[PDB]
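Written below as structure tokens is the structure these notes are about.
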Amino acid sequence: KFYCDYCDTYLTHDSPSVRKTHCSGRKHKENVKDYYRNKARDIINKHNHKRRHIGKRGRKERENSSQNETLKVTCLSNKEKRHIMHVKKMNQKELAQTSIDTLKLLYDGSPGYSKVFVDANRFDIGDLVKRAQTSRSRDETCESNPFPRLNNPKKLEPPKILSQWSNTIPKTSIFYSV
Amino acid sequence: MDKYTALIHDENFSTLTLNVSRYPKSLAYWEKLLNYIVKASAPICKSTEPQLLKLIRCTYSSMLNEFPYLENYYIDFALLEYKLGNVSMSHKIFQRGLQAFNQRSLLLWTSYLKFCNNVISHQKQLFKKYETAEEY
Amino acid sequence: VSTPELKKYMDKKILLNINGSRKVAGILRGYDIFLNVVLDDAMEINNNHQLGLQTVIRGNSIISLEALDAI
Amino acid sequence: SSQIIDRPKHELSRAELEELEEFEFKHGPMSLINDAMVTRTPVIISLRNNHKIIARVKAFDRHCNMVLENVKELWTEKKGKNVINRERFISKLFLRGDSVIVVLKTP
Amino acid sequence: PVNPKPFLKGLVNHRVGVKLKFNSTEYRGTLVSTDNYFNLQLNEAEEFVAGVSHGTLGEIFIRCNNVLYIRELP
Amino acid sequence: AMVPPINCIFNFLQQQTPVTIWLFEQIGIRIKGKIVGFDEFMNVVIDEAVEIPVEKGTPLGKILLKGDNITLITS
Amino acid sequence: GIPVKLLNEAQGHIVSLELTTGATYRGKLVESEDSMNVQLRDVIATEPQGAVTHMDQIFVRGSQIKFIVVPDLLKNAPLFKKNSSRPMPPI
Amino acid sequence: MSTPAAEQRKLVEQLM
Amino acid sequence: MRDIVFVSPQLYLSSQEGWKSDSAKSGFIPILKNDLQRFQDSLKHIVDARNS
Amino acid sequence: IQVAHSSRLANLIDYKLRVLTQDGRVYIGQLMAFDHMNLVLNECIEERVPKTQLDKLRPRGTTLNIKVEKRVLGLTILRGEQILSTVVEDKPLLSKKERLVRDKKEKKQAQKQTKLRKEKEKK
Amino acid sequence: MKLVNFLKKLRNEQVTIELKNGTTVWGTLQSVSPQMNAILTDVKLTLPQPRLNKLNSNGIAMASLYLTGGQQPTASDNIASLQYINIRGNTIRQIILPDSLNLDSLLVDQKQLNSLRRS
RNA sequence: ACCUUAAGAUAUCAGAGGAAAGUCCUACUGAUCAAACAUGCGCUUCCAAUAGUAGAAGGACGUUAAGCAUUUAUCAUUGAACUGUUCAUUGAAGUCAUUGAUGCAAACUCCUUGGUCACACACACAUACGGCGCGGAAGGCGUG
């Protein structure tokens with residue numbers, strides 16, 4: 001008697017494909033995805049800090065630090081800090097999931113494009129792609145699109161900038177572009 | 001009748017190879033011939049004909065000697081040689097491709113390092129390769 | 001008990017390293033629950049001399065059984 | 001007779017199982033060690049690591065691991081021409097059964 | 001088409017020579033009994049570490065894991 | 001189709017096809033002969049067994065080769 | 001046993017395993033069985049003397065495996081917790 | 001049914 | 001190799017000696033040795049134009 | 001470190017062991033499961049004495065200093081066939097009282113969650 | 001008759017376990033698993049020097065002995081004093097029992113005697 | 001769509017009783033063992049400056065660093081000169097490295113960890129050293 005620990009459904013004793021059928025379905029394929037999302041989410045959310053050993057400060061150490069000044073502490077309200085934490089977590093997720101693919105768009109008309117960037121006709125990991133999109137075939141030749149500039153392509157996307165520093169940008173561009 | 005001899009006695013091979021030899025600087029006939037020779041080997045594996053593999057290697061090398069500035073074919077040839085099982089000649093192909101550009105080619109460096117991460121498995125050498133690549 | 005999952009390697013060329021030094025390549029024909037394997041048209045890779053029309057390999061001395069085909 | 005002896009060990013009953021064990025120890029290859037224990041004659045056991053022991057068996061077991069006393073370990077270590085004969089005396093000794101090769105009974 | 005178990009049953013009180021796998025050490029003597037794991041007990045057996053005979057042995061019990069082959073002497 | 005190794009050894013026994021058995025190394029010998037019978041555990045009896053080092057070996061007669069040493073059985 | 005079930009849970013993720021001959025292998029783990037037989041895919045092999053090659057698949061007998069290195073995240077697997085609740089299996 | 005030896009018996013015995 | 005030989009049209013048209021070799025050099029194109037005569041006949045009109 | 005005399009392999013769970021193999025390689029990681037006695041180690045780093053420095057361990061400066069090549073490898077399951085012997089090196093992070101406390105905590109939480117699961121799945 | 005059951009009867013006595021490598025473990029013997037998985041506590045591992053000049057020694061044994069972590073840096077011979085080494089069952093070659101114990105009271109297999117009385 | 005099961009047992013000997021010989025059982029009784037939980041030992045080891053800018057334990061998959069010393073970089077065929085040596089050609093394999101590897105040693109920088117507790121700024125001790133403050137960690141032993 002063996003049961004899945006994710007689905008919690010008790011499964012009549014199996015060892016062959018019956019375990020390769022359960023583990024390849026959907027109630028055991030996405031329900032094992034939600035589990036490890038939560039466990040990895042925790043280790044991201046953990047905020048417990050190291051144990052604090054506070055030693056008795058001496059007079060020579062205290063007098064200099066008392067001489068200088070007192071420092072104000074910035075503090076927010078409950079709703080404000082809730083909103084700020086939500087925003088910061090969302091920003092961290094969005095930046096972490098970001099992948100730069102400028103080189104893939106730049107070589108869109110290369111003579112050997114379909115054999116490298118398509119990622120389905122590659123020679124290393126193509127063996128996996130080789131029941132379930134106008135895919136780019138390997139049989140493309142450079143005669144197709146002899147002149148790329150004939151209005152086919154579009155301008156490169158302008159570089160992104162941080163929104164919290166969006167007033168830093170110069171006000172007016174040097175040249176007048178229509 | 002083997003696959004290699006059946007290919008070499010095919011009539012289309014003569015026509016494609018003659019177009020390539022008559023017009024060395026078109027690259028349309030080059031790419032058509034290379035696509036044909038690769039496609040005529042339906043399975044690419046370690047057990048296919050050694051003569052056919054040598055022919056494919058020589059065709060790729062001749063095209064890369066004719067047109068030194070094709071980054072994508074350097075990468076494709078290195079990946080095919082990687083698929084065939086040996087990685088020393090893949091390293092040699094990538095280094096030859098880098099030398100053909102005088103070490104300044106972003107696509108080749110990116111693909112070379114992406115391949116290198118899986119293979120070298122030695123911290124000092126991998127990081128030295130990264131420092132060398134970033135300088136150029 | 002449990003038959004090893006080799007139902008996809010049938011009639012496909014494989015290369016398996018006998019003991020720690022020898023390497024034998026052939027066409028797999030069958031297998032047992034001990035991972036005994038019977039492979040036809042063997043060839044001891046080293047020039048390389050063929051073994052025979054029908055050979056069996058005791059599953060004790062097999063280490064790896066990588067396949068030289070599409071799989 | 002022949003059927004019970006050839007019969008696979010997972011279908012005989014418990015009583016016939018220990019009867020089979022006793023029969024194996026009495027009429028079988030281990031009858032040699034049983035006799036050697038009973039009449040208290042020394043045995044010369046040749047181990048796997050080139051160690052010969054001379055001892056009297058006091059209890060043996062299915063896997064041929066025995067308890068011995070008055071053991072006298074005799075072995076030689078050599079390299080090239082040079083050879084040295086070393087011997088060690090042990091009062092009471094347990095011996096695992098996976099090492100033994102041939103067990104000779106004293107005439 | 002004789003199987004090894006009936007073969008070893010038939011070799012009882014027959015001059016057999018069993019050789020270990022280590023140093024071509026060969027024991028020649030009459031077979032007294034066998035176990036289901038092919039443990040062998042030899043009587044009045046003579047030891048052949050090589051083609052040279054070393055001596056005569058009283059009665060030897062031979063562990064099952066060492067024998068390479070059991071052959072019937074003429 | 002699939003033929004198990006037990007069935008292959010059975011075919012060897014039935015057709016009396018001579019086999020050359022590879023005993024594993026550090027022993028450095030081969031056995032050539034005909035299979036007369038096999039067992040559960042790949043124990044084989046061999047008729048007209050021929051001893052060959054790794055070709056000046058001596059015939060052995062009829063032998064029972066323990067299966068814990070066999071590595072290949074090729075014809 | 002727990003380790004066999006852990007290796008079972010480690011399916012579909014890149015594991016690295018070293019055999020008793022000295023070689024090393026790493027790649028996607030397609031299937032594993034209760035006797036530690038594993039099938040690696042897109043494996044990158046390191047033969048004992050240092051040479052590195054590549055094969056599509058491999059099927060190594062479990063009697064030769066020395067150890068198997070699974071991804072670190074599997075430490076939080078549900079079958080590693082000691083106190084567990086069972087659904088009271090039916091009749 | 002215990003070690004694979006019993007299963008191999010229940011094949012070899014039928015084979016003979 | 002077998003049934004493949006390397007020819008170089010540029011070195012052939014330059015009336016040099018090493019226009020054909022079995023080694024894979026820079027600027028060499030594979031060709032069937034059975035068909036080298038037709039390779040020569042293909043460049044016949046251009047080489048005659050160069051000669052005249 | 002001192003370890004209780006009556007302490008089998010079941011008591012040494014999350015102890016940081018020192019597992020030795022047949023080929024002279026040691027593994028240093030936290031034990032978290034076992035079975036044939038094939039362990040599961042959390043952060044075990046494998047050590048070995050190179051053949052170039054093995055000669056310094058042979059009987060004869062006064063104090064030996066051996067540079068041991070070590071590899072980092074995580075959450076690895078060993079095989080019992082290769083294991084030779086195990087030694088203990090360090091205690092777990094948590095004290096015994098805190099360990100009992102967290103066990104009682106998780107038991108209470110699990111019992112409550114099981115009761116709620118039954119209550120939901122029935123009605 | 002299983003001698004593992006007899007071996008389980010010592011349980012607090014000084015033994016001298018000689019592994020298959022060559023290293024001999026000396027120390028108080030705690031419980032023994034039914035697979036002969038000994039657990040010794042106040043151990044003193046040592047490696048016999050073969051006393052022959054040119055025959056050096058086992059090397060893997062030196063590596064294991066040092067990597068146990070208890071080897072004395074100033075020790076002339078290869079000894080490593082440590083506590084609680086757990087020894088896998090299949091590695092033991094022979095166990096030198098103490099001289100003082102009685103064999104007649106420990107070797108009597110109670111289970112076999114019970115079976116004989118029952119039969 | 002594939003799957004529906006190895007079987008047994010749960011401290012041990014000895015003594016009294018009940019259903020010739022076992023056989024089972026006893027909110028029966030002794031002795032041993034094991035586990036849990038309380039509870040103790042003048043038991044044993046360990047628990048970081050502030051009277052100061054430290055230190056201890058363990059790391060670094062950290063830098064100096066191309067450190068200082070050694071040592072490595074194919075095989076076959078054919079032609080030519082040569083007294084083995086050099087140059088070229090065909091074929092075969094070929095982990096990357098040579099700023100590497102290996103041997104030795106030192107400085108520096110940084111991470112994790114801890115009672116940074118309380119009372120003290122003290123003339124002790126041969127039976128050698130009040131172990132006669134509160135806790136904590138880990139074991140040893142004893143009792144219930």
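Residue names in the structure tokens use chain letters A, B, ... in the order shown, residue numbers from 1 in each chain, and ligand numbers from 1 in the order shown.
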Excluding residue 85 in chain G and residues on its chain fewer than 2 positions from it, collect all residues at most 10 Å away from it, counting only C-alpha atoms (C1' of nucleotides), and give them as a list in words.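 Returned residues: residues 5 and 8 of chain A; 82, 83, 87 and 88 of chain G; 107, 110, 111, 113, 114 and 115 of chain J.
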Once you have the residues from the selection above, write them out as a compact mmCIF listing (two decimals), in the first residue's frame, restricted to N, CA and C atoms.
```
# COMPACT_ATOMS: atom_id res chain seq x y z
N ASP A 5 1.93 11.54 -1.53
CA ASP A 5 1.96 12.44 -0.38
C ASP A 5 1.55 13.85 -0.78
N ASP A 8 -2.56 12.97 -1.64
CA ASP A 8 -3.12 12.40 -0.42
C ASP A 8 -4.13 11.30 -0.72
N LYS G 82 8.42 13.29 9.66
CA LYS G 82 8.26 12.06 10.43
C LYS G 82 6.81 11.85 10.85
N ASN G 83 6.20 12.85 11.48
CA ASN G 83 4.82 12.76 11.94
C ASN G 83 3.89 13.07 10.77
N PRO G 87 -5.08 8.99 5.50
CA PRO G 87 -6.52 9.18 5.26
C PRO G 87 -7.40 8.02 5.69
N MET G 88 -6.88 7.12 6.54
CA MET G 88 -7.66 5.97 7.00
C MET G 88 -8.08 5.11 5.81
N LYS J 107 3.20 17.89 16.12
CA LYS J 107 2.18 16.89 16.40
C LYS J 107 0.83 17.54 16.67
N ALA J 110 -0.50 18.92 13.36
CA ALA J 110 -0.92 17.85 12.46
C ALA J 110 -2.23 17.22 12.91
N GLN J 111 -2.39 17.02 14.22
CA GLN J 111 -3.65 16.46 14.71
C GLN J 111 -4.81 17.40 14.41
N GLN J 113 -4.98 19.71 12.04
CA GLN J 113 -5.22 19.78 10.60
C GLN J 113 -5.89 18.51 10.09
N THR J 114 -5.52 17.35 10.64
CA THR J 114 -6.19 16.11 10.27
C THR J 114 -7.65 16.10 10.69
N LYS J 115 -7.94 16.60 11.89
CA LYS J 115 -9.33 16.70 12.32
C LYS J 115 -10.13 17.61 11.40
```
Residues within 6 Å of range 58-69 of chain C, only C-alpha atoms (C1' of nucleotides), excluding chain neighbours under 6 positions, as a ChimeraX atom specification: /B:45-47 /C:13-16,18-19,34-36 /F:71 /G:57-61
Mind checking which residues fall within 12 Å of residue 53 in chain E, counting only C-alpha atoms (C1' of nucleotides), ignoring those fewer than 5 positions away in the same chain, and posting them as a ChimeraX atom specification? /E:25-28,45-48
Suppose we keep N, CA and C atoms; can you now write the selection as a PDB file, in the first residue's frame?
```pdb
ATOM      1  N   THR E  25      44.688 -23.568  -8.407  1.00  0.00           N
ATOM      2  CA  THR E  25      44.778 -24.613  -7.401  1.00  0.00           C
ATOM      3  C   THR E  25      43.699 -25.652  -7.652  1.00  0.00           C
ATOM      4  N   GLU E  26      44.115 -26.904  -7.789  1.00  0.00           N
ATOM      5  CA  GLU E  26      43.201 -27.963  -8.175  1.00  0.00           C
ATOM      6  C   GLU E  26      43.269 -29.087  -7.155  1.00  0.00           C
ATOM      7  N   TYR E  27      42.103 -29.519  -6.685  1.00  0.00           N
ATOM      8  CA  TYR E  27      41.988 -30.626  -5.746  1.00  0.00           C
ATOM      9  C   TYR E  27      41.400 -31.814  -6.489  1.00  0.00           C
ATOM     10  N   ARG E  28      42.075 -32.954  -6.417  1.00  0.00           N
ATOM     11  CA  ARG E  28      41.629 -34.173  -7.073  1.00  0.00           C
ATOM     12  C   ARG E  28      41.319 -35.224  -6.020  1.00  0.00           C
ATOM     13  N   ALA E  45      41.817 -36.450  -0.944  1.00  0.00           N
ATOM     14  CA  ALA E  45      42.095 -35.556  -2.055  1.00  0.00           C
ATOM     15  C   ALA E  45      43.554 -35.121  -2.048  1.00  0.00           C
ATOM     16  N   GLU E  46      44.100 -34.925  -3.244  1.00  0.00           N
ATOM     17  CA  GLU E  46      45.462 -34.450  -3.423  1.00  0.00           C
ATOM     18  C   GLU E  46      45.430 -33.051  -4.021  1.00  0.00           C
ATOM     19  N   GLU E  47      46.279 -32.174  -3.492  1.00  0.00           N
ATOM     20  CA  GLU E  47      46.273 -30.762  -3.844  1.00  0.00           C
ATOM     21  C   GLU E  47      47.249 -30.503  -4.979  1.00  0.00           C
ATOM     22  N   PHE E  48      46.795 -29.760  -5.987  1.00  0.00           N
ATOM     23  CA  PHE E  48      47.627 -29.348  -7.116  1.00  0.00           C
ATOM     24  C   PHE E  48      47.558 -27.829  -7.224  1.00  0.00           C
TER      25      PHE E  48
END
```
Using only C-alpha atoms (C1' of nucleotides), determine which residues lie at most 8 Å from range 40-51 of chain I, disregarding the query and same-chain residues fewer than 4 positions distant; provide the list as an MDAnalysis selection string. (chainID B and resid 22) or (chainID I and resid 13 36)
Considering only C-alpha atoms (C1' of nucleotides), return as a list in words whatever protein or nucleic-acid residues lie within 9 Å of residue 54 in chain G, sequence-local ones (same chain, fewer than 5 positions apart) excluded.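 These residues fall inside the cut-off: residues 82, 83, 84, 85, 86 and 87 of chain B; 42, 43, 44, 45 and 46 of chain G.
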Polymer residues at most 7 Å from range 91-100 of chain J, only C-alpha atoms (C1' of nucleotides), same-chain spacing of 4 or more positions, as a ChimeraX atom specification: /J:14-16,104
Now that the selection is made, can you save its residues with N, CA, C and O atoms as a tab-separated table (two decimals), in the first residue's frame?
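The resulting again_5.tsv:
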```
chain	number	residue	atom	x	y	z
J	14	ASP	N	19.72	14.11	12.00
J	14	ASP	CA	20.29	15.47	11.93
J	14	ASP	C	21.61	15.61	12.67
J	14	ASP	O	22.11	16.73	12.77
J	15	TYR	N	22.21	14.54	13.19
J	15	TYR	CA	23.61	14.63	13.56
J	15	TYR	C	24.46	14.72	12.30
J	15	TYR	O	24.12	14.18	11.24
J	16	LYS	N	25.60	15.40	12.42
J	16	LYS	CA	26.49	15.62	11.28
J	16	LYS	C	27.55	14.53	11.29
J	16	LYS	O	28.54	14.61	12.02
J	104	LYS	N	6.45	18.33	19.61
J	104	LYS	CA	5.11	18.50	20.17
J	104	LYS	C	4.31	19.52	19.37
J	104	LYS	O	3.11	19.32	19.12
```
Measuring atom to atom with only C-alpha atoms, identify which of B:18, B:79, B:44, B:1 is nearest to chain A. B:79
What are the closest atom pairs, with distances in Å to one decimal, for each residue of chain G lying within 8 Å of chain L, using only C-alpha atoms (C1' of nucleotides), rows by chain and rising residue number, as JSON lines?
```
{"residue": "G:50", "atom": "CA", "partner": "L:95", "partner_atom": "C1'", "distance": 5.8}
{"residue": "G:51", "atom": "CA", "partner": "L:95", "partner_atom": "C1'", "distance": 3.9}
{"residue": "G:52", "atom": "CA", "partner": "L:95", "partner_atom": "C1'", "distance": 4.9}
{"residue": "G:53", "atom": "CA", "partner": "L:95", "partner_atom": "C1'", "distance": 7.9}
```
Can I get the selection written as a CSV table (one decimal), in the first residue's frame, with N, CA and C atoms?
```
chain,number,residue,atom,x,y,z
G,50,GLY,N,39.5,11.5,-16.9
G,50,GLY,CA,39.2,12.9,-17.1
G,50,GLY,C,38.5,13.3,-18.3
G,51,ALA,N,38.5,12.4,-19.4
G,51,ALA,CA,37.9,12.8,-20.7
G,51,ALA,C,36.4,12.9,-20.5
G,52,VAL,N,35.8,13.9,-21.2
G,52,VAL,CA,34.4,14.2,-21.1
G,52,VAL,C,33.7,14.0,-22.5
G,53,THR,N,32.6,13.3,-22.6
G,53,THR,CA,31.9,13.1,-23.8
G,53,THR,C,30.4,13.3,-23.5
```
What does the distance between CA of residue 59 in chain B and CA of residue 113 in chain B come to in Å, to one decimal place?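 Interatomic distance here is 25.6 Å.
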Contact residues around residue 126 in chain B with only C-alpha atoms (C1' of nucleotides) at 12 Å, ignoring same-chain residues under 4 positions, as a PyMOL selection string: (chain B and resi 112-122+130-133) or (chain L and resi 96-97)
Within 12 Å of chain I, which residues of chain L show up when using only C-alpha atoms (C1' of nucleotides), listed as a PyMOL selection string? chain L and resi 89-91
Taking only C-alpha atoms (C1' of nucleotides) into account, which of L:110, L:81, L:60, L:132 comes nearest residue 42 in chain L? L:132
Nearest-residue call for chain H, choices E:36, E:3, E:56, E:43, using only C-alpha atoms: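 Smallest separation from chain H among the options: E:3.
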